[PDB]
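Let me begin by presenting the structure, written as structure tokens, before commenting on it.
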Amino acid sequence: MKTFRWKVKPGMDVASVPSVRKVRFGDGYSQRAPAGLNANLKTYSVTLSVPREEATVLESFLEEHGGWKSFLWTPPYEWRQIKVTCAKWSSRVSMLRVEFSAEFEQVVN
Amino acid sequence: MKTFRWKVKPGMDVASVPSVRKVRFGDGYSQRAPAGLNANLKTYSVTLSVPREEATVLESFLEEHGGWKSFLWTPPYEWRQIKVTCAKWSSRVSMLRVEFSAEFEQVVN
Amino acid sequence: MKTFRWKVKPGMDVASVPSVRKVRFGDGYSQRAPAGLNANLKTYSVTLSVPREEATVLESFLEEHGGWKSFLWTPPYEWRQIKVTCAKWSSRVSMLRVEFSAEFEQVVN
Amino acid sequence: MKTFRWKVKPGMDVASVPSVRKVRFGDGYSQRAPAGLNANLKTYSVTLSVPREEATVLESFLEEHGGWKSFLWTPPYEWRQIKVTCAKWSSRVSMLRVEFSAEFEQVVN
Amino acid sequence: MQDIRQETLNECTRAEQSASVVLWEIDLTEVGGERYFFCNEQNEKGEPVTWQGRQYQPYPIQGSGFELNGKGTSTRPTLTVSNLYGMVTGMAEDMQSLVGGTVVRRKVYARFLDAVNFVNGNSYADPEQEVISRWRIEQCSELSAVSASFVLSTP
Amino acid sequence: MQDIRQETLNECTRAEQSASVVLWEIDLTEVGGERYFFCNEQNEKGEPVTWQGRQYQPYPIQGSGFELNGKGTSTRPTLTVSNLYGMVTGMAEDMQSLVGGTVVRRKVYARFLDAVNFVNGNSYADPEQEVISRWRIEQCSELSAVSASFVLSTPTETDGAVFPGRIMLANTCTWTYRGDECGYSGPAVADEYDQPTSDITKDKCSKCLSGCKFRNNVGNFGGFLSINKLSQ
Amino acid sequence: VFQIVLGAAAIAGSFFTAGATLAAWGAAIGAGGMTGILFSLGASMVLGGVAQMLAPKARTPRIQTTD
Amino acid sequence: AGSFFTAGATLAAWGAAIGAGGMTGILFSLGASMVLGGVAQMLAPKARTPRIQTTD
Amino acid sequence: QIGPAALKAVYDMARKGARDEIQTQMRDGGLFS
Amino acid sequence: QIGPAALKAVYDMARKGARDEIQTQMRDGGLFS
Amino acid sequence: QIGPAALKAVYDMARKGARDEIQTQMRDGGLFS
Amino acid sequence: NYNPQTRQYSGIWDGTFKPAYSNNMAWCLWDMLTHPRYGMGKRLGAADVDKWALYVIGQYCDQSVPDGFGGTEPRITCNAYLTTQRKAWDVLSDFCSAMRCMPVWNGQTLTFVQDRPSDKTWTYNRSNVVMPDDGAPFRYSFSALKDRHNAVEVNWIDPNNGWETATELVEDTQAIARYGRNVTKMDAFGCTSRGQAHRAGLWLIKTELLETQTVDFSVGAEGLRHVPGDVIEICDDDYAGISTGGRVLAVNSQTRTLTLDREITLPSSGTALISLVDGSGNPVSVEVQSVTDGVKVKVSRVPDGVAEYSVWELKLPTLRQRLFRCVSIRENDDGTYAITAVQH
Amino acid sequence: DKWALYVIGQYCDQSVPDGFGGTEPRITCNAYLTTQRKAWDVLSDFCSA
Ligand code: SF4
């Protein structure tokens with residue numbers, strides 16, 4: 001299955017952290033390069049809240065890909081569909097709902 | 001594009017920690033030297049709060065530079081234009097606004 | 001410039017931690033010596049609050065010495081003028097005032 | 001001077017952690033021996049509250065000893081005079097009073 | 001000094017430079033195989049990196065230990081590659097573990113890459129800007145279900 | 001046991017003792033330099049520590065690796081010193097990296113220091129209470145804009161030596177010119193290229209038979225002028 | 001931020017490992033972009049002599065008591 | 001040979017527990033170390049020969 | 001980290017490094033260990 | 001753990017491990033270091 | 001300290017210590033490595 | 001184009017070897033390396049060995065030097081008779097120690113670096129090299145006291161008395177009065193003339209006495225221009241008490257003047273030179289006329305296209321060059337190169 | 001240290017049973033060193049005799 005349909009409530013964290021090659025010379029001078037060839041990928045600290053019955057469906061979706069594999073997702077940040085992978089998806093059960101916390105990492109693949 | 005033209009929130013940190021040459025064995029005589037020529041280049045922990053529409057523009061500006069490619073900036077601290085570089089610029093996307101947490105380290109080249 | 005004129009408001013940390021030579025023998029006996037020859041130097045965890053227009057002067061004063069070099073200061077602890085060096089001086093900006101947190105280390109030099 | 005004649009605040013910690021010889025491989029049979037003869041010398045986390053004027057006298061007393069040179073003290077805990085040594089004695093200098101935080105580790109010699 | 005073109009020397013001294021791409025070639029023709037071209041990265045269009053008209057396919061590859069020292073022991077670099085999907089394994093069972101082949105390493109500034117690599121093209125594209133070094137495979141030091149490490153040596 | 005005075009042994013056994021001050025002396029007089037005296041600390045009056053009437057200038061200096069072991073390799077201590085303000089650098093370019101000099105280390109209890117060091121004086125001041133050790137500089141291991149590290153060695157250090165050392169050669173003298181074995185005391189005759197000279201500052205022996213003949217010293221020639229044909 | 005590049009005063013006693021204080025590097029344990037523990041080859045290359053770094057010091061046969 | 005695959009497994013769960021008394025780390029597989037002299041050295045002890053003498 | 005196990009791991013890593021360096025010095029230039 | 005103090009300990013443990021490995025290789029099979 | 005990065009540093013320090021110990025043993029008493 | 005009997009070269013070589021008997025030791029080494037039957041020709045092979053480096057080496061070895069008996073003599077010569085089977089590294093090292101060269105894999109060919117008086121290739125100041133946390137851009141080390149040999153016994157083979165091992169003793173009695181007396185033995189590989197053995201021993205002694213210090217000064221991305229054996233200059237502003245290098249902040253071609261960091265002091269007598277970098281990496285050097293304050297430097301001529309934040313160096317008449325030859329260059333998987341060098 | 005060698009020579013001069021019926025000095029020279037060895041080798045040989 002390809003697309004992620006659930007929605008993220010609280011306000012996520014979108015961390016970029018570009019990789020650069022940096023050399024620090026002597027009296028205050030330096031030398032910087034973009035290191036890589038294709039931008040930075042960015043990662044989203046996503047949290048879902050779902051009813052106790054749909055949590056099984058969400059778990060099945062996140063377990064089918066199983067750490068590897070990528071799914072399509074349109075983040076509510078730039079509204080540009082991207083390919084992402086999830087590898088942790090911790091989940092806390094409650095009386096009537098389940099709260100998922102996960103880290104979606106964008107991948108070129 | 002070469003001038004960060006956004007406004008920063010009231011509470012921002014400015015760390016200096018200059019670079020000096022220290023010689024001290026145990027707790028005896030100590031000798032200190034100014035080390036390089038551009039001793040302290042500071043660091044500003046800048047925070048911004050912007051509507052969800054301009055978050056895309058701010059992130060595009062920060063991502064195009066991508067760690068390298070210093071840009072001009074006038075901090076509200078000394079009001080003197082300097083050249084700075086950003087490397088992390090995390091973001092958090094609330095219901096109506098988004099907050100940016102970036103670090104600006106000023107450079108010479 | 002030689003003398004520090006600004007004043008410290010809240011109550012600072014005055015840490016002594018003298019250096020001693022200690023040997024621990026067997027059944028509870030030991031052997032202690034003062035290690036050095038001239039006392040312990042003692043350090044002050046100083047914090048200033050200044051109007052936003054005077055923070056530039058304070059930073060100029062703290063940057064002229066730049067980690068090395070010493071300035072005279074009379075601590076509001078013993079009221080004896082001492083020679084101190086500052087090496088970090090973190091600063092936090094606000095709407096109308098700037099708060100400096102610094103560590104002054106007493107030096108014989 | 002050889003006796004600490006100041007008064008300590010209510011909250012004071014007394015740690016013992018005696019010194020023993022333990023032999024136990026994995027989680028099998030274990031053997032314990034009393035190790036030395038002067039098993040535990042304890043440790044008192046002493047806190048004092050003194051007016052700003054007598055802080056000078058307190059620090060002169062704690063500084064002349066300078067880590068070595070144990071001094072006599074009667075803790076309010078067992079009311080038995082012992083010989084103790086101090087090594088840190090940090091201080092906070094408030095508007096009207098000063099708080100001393102010191103560690104008294106008792107000795108034998 | 002190495003005989004390298006003036007454009008590379010001009011780029012080396014700039015404060016803000018482009019990314020230094022490293023392109024690898026494995027030549028087993030002398031030992032009865034083919035030539036495989038690799039690059040650790042794709043390009044901005046999600047395609048294998050085109051250098052001098054030749055496509056270098058994306059594959060996790062990383063070399064280390066490269067140095068020029070005359071005194072003492074001859075330098076032995078190392079090259080780590082991805083053995084996921086059992087590709088290198090297939091090479092090990094067909095070429096006597098790649099022993100005796102050649103490894104060619106090119107350092108090229110990304111500014112001099114062919115214009116096809118970038119959406120907006122490359123005005124400073126120059127196929128003659130590269131630094132080439134040849135080594136030989138001495139031993140496939142490790143081959144596992146994940147990665148594969150090869151020892152290199154001077155010819 | 002070491003021959004140290006009874007006062008030092010009395011101080012060593014005390015539970016609460018004075019600080020042990022280590023004083024250093026660099027002696028480059030045998031290699032054409034001067035003598036420098038250093039201590040890691042000043043005294044309570046902000047002055048260089050005075051020991052036995054001699055001032056030891058304050059300078060960051062620290063030694064390590066000092067031990068007495070007969071088995072195995074000869075002990076090689078290390079001495080790290082501050083190179084701020086380019087001071088040791090100035091010695092490295094003037095004394096051939098200080099190599100061949102002497103390093104003298106004294107351990108003295110601070111209670112025995114000279115009375116001038118303390119404001120209230122020293123009633124137990126005793127200039128005869130010290131422990132002395134001598135070493136030689138073998139190599140300036142590192143010298144940078146911050147510090148300088150020297151390798152020290154025992155003066156004996158039979159590392160590069162051989163025994164017996166005198167070598168049997170023909171057409172070459174192994175003696176030292178105007179030395180004891182050479183036994184020459186005449187006027188200037190020639191230089192190392194056999195060219196005649198009346199200049200005493202340019203008078204050297206070629207160490208060949210002709211050089212010896214120039215001085216009529218063939219009797220004291222250090223070579224053996226027949227072995228070149230018996231070795232065939 | 002920095003490159004440590006250990007020399008000789010650092011390895012011979014930890015007197016100048018704390019001279020640079022190794023603070024930000026140790027807090028960042030290094031990086032994937034850059035490597036620490038460079039271990040400058042100054043004194044190691046010169047142990048045999050300066051003339052050994054320019055020529056390979058040709059060898060000689062073992063001395064035999066037969067001759 | 002380079003910390004390229006020490007982070008391949010990321011060592012996170014083991015490093016956070018430094019190890020255990022039940023189990024040991026740093027196993028250091030002896031694959032390439034035992035094969036340095038050759039495969040024939042892992043099966044036979046490579047009989048020695050006397051030093052060549054110039055007298056002969 | 002706890003000191004005991006860390007020290008043991010450092011000791012085994014040091015042994016492995018020493019063995020690798022010894023086997024490296026037995027090559028052509030080296031030191032012949 | 002502060003790096004400056006730990007590096008000396010790691011170096012000295014490496015020295016001890018190297019000496020132990022050298023003495024081990026001087027045994028029968030070994031490598032004679 | 002993350003283990004993956006620290007293990008390479010420990011290995012390199014061990015290599016340096018092994019080289020230093022080997023060069024030390026080639027001195028007079030030593031073991032001649 | 002080489003005549004072995006007269007040991008002369010006509011003009012440019014172009015390659016294209018020729019089968020003539022010669023005593024040139026560079027080409028004896030070439031035969032040892034690239035012979036398919038008995039040498040290393042099956043392995044290795046041609047196009048892996050730098051023939052031009054060996055050409056220059058043989059030219060150097062063919063130069064005439066004083067014989068010591070009154071005449072002249074070729075500098076370095078063969079006449080070895082290799083009978084025992086030794087490892088190829090042993091024979092290569094004897095060949096490369098008889099003529100003072102070190103073989104290193106350049107990256108495309110195996111080159112040989114010969115100890116010769118060479119001109120500086122590049123200059124590095126403290127603003128062009130990597131700064132570690134400690135303020136030591138350049139680290140200097142020195143050779144030990146017992147590693148400065150002043151007496152050598154060279155074993156050559158005499159063809160006059162009889163083809164037997166003659167020992168020639170070389171000494172430097174001045175250094176024996178400073179660094180004790182460090183004596184060694186050495187085997188001159190191809191020597192059959194007393195002059196060549198004495199020259200080899202004297203070269204060893206002179207190198208140990210003159211060349212003393214080494215430097216580690218790991219640099220930025222420019223290091224890919226360096227091969228081992230390159231001679232460079234180090235303008236260490238801390239080794240000297242003055243500042244003689246930095247970066248250019250602004251260039252004013254009209255009314256020619258330059259802005260630099262730090263402050264420059266003119267010498268009392270003589271014309272100081274400033275080395276800037278052209279608009280195409282050519283490092284021309286020009287003459288300074290006067291300096292205002294300590295920054296505004298007026299030069300005789302502003303080179304074309306001198307960009308801002310470009311490296312400038314200062315050459316004074318009373319300052320030594322301090323040349324260093326590279327012996328090792330290491331890539332740091334970072335973009336920086338770790339360079340080791342020794343006095344020149 | 002000349003005094004240490006003095007005591008050592010005194011110890012080496014002591015008379016001990018010869019094994020044939022008479023007496024004999026404890027430790028003695030009569031070496032003839034012809035080859036050139038490192039000074040450490042000769043010193044260790046002397047200090048092991
Ligand atoms: S050759 Fe004669 S004059 Fe010259 S040093 Fe020898 S003994 Fe003296």
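Chains: A, B, ... in order of the structure tokens. Residues: from 1 per chain. Ligands: from 1, in order shown.
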
Any idea what's packed within 7 Å of residue 18 of chain J, counting only C-alpha atoms, ignoring anything in its chain fewer than 6 positions away? Could you give it as a CSV table (one decimal) with N, CA and C atoms, in the first residue's frame?
chain,number,residue,atom,x,y,z
I,14,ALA,N,42.5,-2.9,22.0
I,14,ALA,CA,44.0,-2.6,22.0
I,14,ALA,C,44.7,-3.8,21.5
I,15,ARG,N,44.3,-5.0,22.0
I,15,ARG,CA,45.0,-6.2,21.6
I,15,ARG,C,44.8,-6.5,20.1
I,18,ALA,N,47.0,-4.0,18.2
I,18,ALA,CA,48.4,-4.4,18.3
I,18,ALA,C,48.7,-5.6,17.3
K,18,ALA,N,50.4,0.8,19.7
K,18,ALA,CA,51.2,-0.4,19.3
K,18,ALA,C,52.4,0.0,18.5
K,21,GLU,N,54.9,1.4,21.1
K,21,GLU,CA,55.5,0.3,21.9
K,21,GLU,C,56.5,-0.5,21.0

- Nearby residues, ligand 1, 8 Å, only C-alpha atoms and all ligand atoms, as an NGL selection string: :F and (172-179 or 181-184 or 204-223)

- Task: For chain I, list the residues within 9 Å of chain K, counting only C-alpha atoms, and write the list as a ChimeraX atom specification.
- Result: /I:1,10,13-22,31-33

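Considering only chain D, backbone DSSP assigns alpha helix (DSSP H) to residues 55, 56, 57, 58, 59, 60, 61, 62, 63, 64 and 65 of chain D.
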
I need the residues from that last selection saved to file as a PDB file, in the first residue's frame (with N, CA, C and O atoms), if you can.
ATOM      1  N   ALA D  55      30.078  36.262  56.356  1.00  0.00           N
ATOM      2  CA  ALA D  55      30.521  35.398  55.269  1.00  0.00           C
ATOM      3  C   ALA D  55      32.025  35.506  55.077  1.00  0.00           C
ATOM      4  O   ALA D  55      32.688  34.520  54.734  1.00  0.00           O
ATOM      5  N   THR D  56      32.583  36.697  55.299  1.00  0.00           N
ATOM      6  CA  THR D  56      34.027  36.869  55.196  1.00  0.00           C
ATOM      7  C   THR D  56      34.758  36.016  56.224  1.00  0.00           C
ATOM      8  O   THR D  56      35.752  35.360  55.899  1.00  0.00           O
ATOM      9  N   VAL D  57      34.271  35.999  57.465  1.00  0.00           N
ATOM     10  CA  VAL D  57      34.903  35.187  58.500  1.00  0.00           C
ATOM     11  C   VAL D  57      34.758  33.705  58.181  1.00  0.00           C
ATOM     12  O   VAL D  57      35.705  32.923  58.339  1.00  0.00           O
ATOM     13  N   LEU D  58      33.569  33.294  57.731  1.00  0.00           N
ATOM     14  CA  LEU D  58      33.353  31.888  57.398  1.00  0.00           C
ATOM     15  C   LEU D  58      34.282  31.438  56.275  1.00  0.00           C
ATOM     16  O   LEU D  58      34.893  30.364  56.356  1.00  0.00           O
ATOM     17  N   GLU D  59      34.418  32.253  55.227  1.00  0.00           N
ATOM     18  CA  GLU D  59      35.309  31.880  54.136  1.00  0.00           C
ATOM     19  C   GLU D  59      36.772  31.963  54.536  1.00  0.00           C
ATOM     20  O   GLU D  59      37.580  31.180  54.038  1.00  0.00           O
ATOM     21  N   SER D  60      37.142  32.887  55.423  1.00  0.00           N
ATOM     22  CA  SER D  60      38.513  32.898  55.918  1.00  0.00           C
ATOM     23  C   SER D  60      38.830  31.607  56.659  1.00  0.00           C
ATOM     24  O   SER D  60      39.892  31.006  56.451  1.00  0.00           O
ATOM     25  N   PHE D  61      37.905  31.151  57.506  1.00  0.00           N
ATOM     26  CA  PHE D  61      38.104  29.889  58.211  1.00  0.00           C
ATOM     27  C   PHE D  61      38.218  28.727  57.235  1.00  0.00           C
ATOM     28  O   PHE D  61      39.129  27.900  57.340  1.00  0.00           O
ATOM     29  N   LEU D  62      37.296  28.646  56.274  1.00  0.00           N
ATOM     30  CA  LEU D  62      37.301  27.514  55.354  1.00  0.00           C
ATOM     31  C   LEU D  62      38.453  27.573  54.358  1.00  0.00           C
ATOM     32  O   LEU D  62      38.828  26.536  53.803  1.00  0.00           O
ATOM     33  N   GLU D  63      39.023  28.753  54.127  1.00  0.00           N
ATOM     34  CA  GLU D  63      40.082  28.936  53.146  1.00  0.00           C
ATOM     35  C   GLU D  63      41.467  28.766  53.746  1.00  0.00           C
ATOM     36  O   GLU D  63      42.380  28.306  53.051  1.00  0.00           O
ATOM     37  N   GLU D  64      41.648  29.131  55.018  1.00  0.00           N
ATOM     38  CA  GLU D  64      42.939  28.922  55.664  1.00  0.00           C
ATOM     39  C   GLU D  64      43.273  27.438  55.746  1.00  0.00           C
ATOM     40  O   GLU D  64      44.427  27.041  55.551  1.00  0.00           O
ATOM     41  N   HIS D  65      42.274  26.603  56.038  1.00  0.00           N
ATOM     42  CA  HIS D  65      42.493  25.161  56.043  1.00  0.00           C
ATOM     43  C   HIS D  65      42.790  24.646  54.639  1.00  0.00           C
ATOM     44  O   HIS D  65      43.680  23.810  54.454  1.00  0.00           O
TER      45      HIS D  65
END

- Message: Should the cut-off be 8 Å, what would the residue list for chain C against chain D look like, counting only C-alpha atoms, as a list in words?
- Response: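 Close enough to count are residues 10, 11, 12, 13, 14, 15, 16, 17, 18, 19, 20, 26, 27, 28, 29, 30, 31, 32, 33, 34, 39, 40, 77 and 78 of chain C.
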
- segment 25-27 of chain F surroundings by only C-alpha atoms, 7 Å radius, close-in-sequence under 4 positions cut, as an MDAnalysis selection string: chainID F and resid 34:38 101:105

Store the residues picked out above in a file with N, CA, C and O atoms, as a PDB file, in the first residue's frame.
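Final file, part25.pdb:
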ATOM      1  N   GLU F  34      73.466  29.181  28.043  1.00  0.00           N
ATOM      2  CA  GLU F  34      73.437  29.693  29.406  1.00  0.00           C
ATOM      3  C   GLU F  34      72.635  28.739  30.291  1.00  0.00           C
ATOM      4  O   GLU F  34      72.226  27.657  29.867  1.00  0.00           O
ATOM      5  N   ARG F  35      72.414  29.156  31.534  1.00  0.00           N
ATOM      6  CA  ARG F  35      71.635  28.391  32.497  1.00  0.00           C
ATOM      7  C   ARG F  35      70.344  29.134  32.809  1.00  0.00           C
ATOM      8  O   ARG F  35      70.370  30.324  33.141  1.00  0.00           O
ATOM      9  N   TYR F  36      69.224  28.430  32.699  1.00  0.00           N
ATOM     10  CA  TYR F  36      67.903  28.978  32.976  1.00  0.00           C
ATOM     11  C   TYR F  36      67.292  28.235  34.154  1.00  0.00           C
ATOM     12  O   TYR F  36      67.481  27.027  34.298  1.00  0.00           O
ATOM     13  N   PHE F  37      66.562  28.959  34.997  1.00  0.00           N
ATOM     14  CA  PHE F  37      65.967  28.392  36.201  1.00  0.00           C
ATOM     15  C   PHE F  37      64.469  28.657  36.200  1.00  0.00           C
ATOM     16  O   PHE F  37      64.039  29.803  36.035  1.00  0.00           O
ATOM     17  N   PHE F  38      63.681  27.600  36.390  1.00  0.00           N
ATOM     18  CA  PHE F  38      62.234  27.669  36.252  1.00  0.00           C
ATOM     19  C   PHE F  38      61.539  27.022  37.441  1.00  0.00           C
ATOM     20  O   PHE F  38      62.051  26.080  38.055  1.00  0.00           O
ATOM     21  N   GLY F 101      71.985  19.246  26.030  1.00  0.00           N
ATOM     22  CA  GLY F 101      72.005  19.995  27.266  1.00  0.00           C
ATOM     23  C   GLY F 101      71.634  19.143  28.461  1.00  0.00           C
ATOM     24  O   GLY F 101      71.294  17.967  28.353  1.00  0.00           O
ATOM     25  N   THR F 102      71.701  19.763  29.636  1.00  0.00           N
ATOM     26  CA  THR F 102      71.433  19.080  30.892  1.00  0.00           C
ATOM     27  C   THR F 102      70.180  19.655  31.536  1.00  0.00           C
ATOM     28  O   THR F 102      69.905  20.852  31.418  1.00  0.00           O
ATOM     29  N   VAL F 103      69.417  18.798  32.206  1.00  0.00           N
ATOM     30  CA  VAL F 103      68.231  19.201  32.948  1.00  0.00           C
ATOM     31  C   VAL F 103      68.380  18.699  34.375  1.00  0.00           C
ATOM     32  O   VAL F 103      68.516  17.491  34.603  1.00  0.00           O
ATOM     33  N   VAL F 104      68.355  19.623  35.330  1.00  0.00           N
ATOM     34  CA  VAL F 104      68.509  19.315  36.745  1.00  0.00           C
ATOM     35  C   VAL F 104      67.174  19.567  37.431  1.00  0.00           C
ATOM     36  O   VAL F 104      66.589  20.645  37.286  1.00  0.00           O
ATOM     37  N   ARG F 105      66.694  18.574  38.173  1.00  0.00           N
ATOM     38  CA  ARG F 105      65.400  18.640  38.834  1.00  0.00           C
ATOM     39  C   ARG F 105      65.601  18.500  40.334  1.00  0.00           C
ATOM     40  O   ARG F 105      66.249  17.552  40.789  1.00  0.00           O
TER      41      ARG F 105
END

- Task: Output as a ChimeraX atom specification the set of chain H residues within 12 Å of chain D, with distances taken over only C-alpha atoms.
- Result: /H:20-23

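Comparing the minimum interatomic distances between residue 7 of chain E and each of E:128, E:44, E:30, E:93, counting only C-alpha atoms, we find that E:128 sits nearest.
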
- Message: List as a list in words the protein and nucleic acid residues near segment 35-51 of chain H, meaning an atom at most 12 Å away when only C-alpha atoms are counted, but skip any in the same chain fewer than 2 places from it.
- Response: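 Non-adjacent residues within range: residues 138, 139, 140, 141 and 142 of chain E; 62 and 64 of chain G; 29, 30, 31, 32, 33, 53, 54, 55 and 56 of chain H; 20, 23, 24, 26 and 27 of chain I; 28, 29, 30 and 31 of chain J.
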
Go ahead and dump the residues you just picked, C-alpha atoms, as a PDB file, in the first residue's frame.
ATOM      1  CA  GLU E 138      44.382  -7.477  -3.422  1.00  0.00           C
ATOM      2  CA  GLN E 139      41.839  -9.273  -1.219  1.00  0.00           C
ATOM      3  CA  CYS E 140      38.106  -9.175  -0.613  1.00  0.00           C
ATOM      4  CA  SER E 141      38.671  -8.686   3.106  1.00  0.00           C
ATOM      5  CA  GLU E 142      35.031  -9.132   4.145  1.00  0.00           C
TER       6      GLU E 142
ATOM      7  CA  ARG G  62      75.282 -10.802   7.963  1.00  0.00           C
ATOM      8  CA  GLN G  64      79.898 -14.768   9.247  1.00  0.00           C
TER       9      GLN G  64
ATOM     10  CA  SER H  29      35.917 -12.495  13.888  1.00  0.00           C
ATOM     11  CA  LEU H  30      39.194 -14.209  12.962  1.00  0.00           C
ATOM     12  CA  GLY H  31      38.343 -14.592   9.268  1.00  0.00           C
ATOM     13  CA  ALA H  32      40.946 -12.438   7.531  1.00  0.00           C
ATOM     14  CA  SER H  33      43.513 -12.727  10.335  1.00  0.00           C
ATOM     15  CA  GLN H  53      75.298 -19.781   4.877  1.00  0.00           C
ATOM     16  CA  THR H  54      77.868 -18.067   2.664  1.00  0.00           C
ATOM     17  CA  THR H  55      80.517 -20.581   3.780  1.00  0.00           C
ATOM     18  CA  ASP H  56      78.736 -23.096   1.586  1.00  0.00           C
TER      19      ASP H  56
ATOM     20  CA  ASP I  20      46.963  -5.809  13.217  1.00  0.00           C
ATOM     21  CA  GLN I  23      51.002  -8.151  10.977  1.00  0.00           C
ATOM     22  CA  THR I  24      51.276  -4.866   9.066  1.00  0.00           C
ATOM     23  CA  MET I  26      55.888  -7.711   8.634  1.00  0.00           C
ATOM     24  CA  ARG I  27      55.282  -6.325   5.134  1.00  0.00           C
TER      25      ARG I  27
ATOM     26  CA  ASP J  28      55.924 -21.125  20.406  1.00  0.00           C
ATOM     27  CA  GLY J  29      53.483 -20.675  17.553  1.00  0.00           C
ATOM     28  CA  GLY J  30      52.698 -16.985  17.830  1.00  0.00           C
ATOM     29  CA  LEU J  31      54.508 -14.689  15.448  1.00  0.00           C
TER      30      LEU J  31
END

- Output as an MDAnalysis selection string the set of chain L residues within 9 Å of chain F, with distances taken over only C-alpha atoms. chainID L and resid 134:147 161:169 173 178:184 212:213 238:241

- Item | Length of the atom CA of residue 48 of chain D to atom CA of residue 8 of chain D vector [Å] |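 Distance between the two atoms: 4.9 Å.
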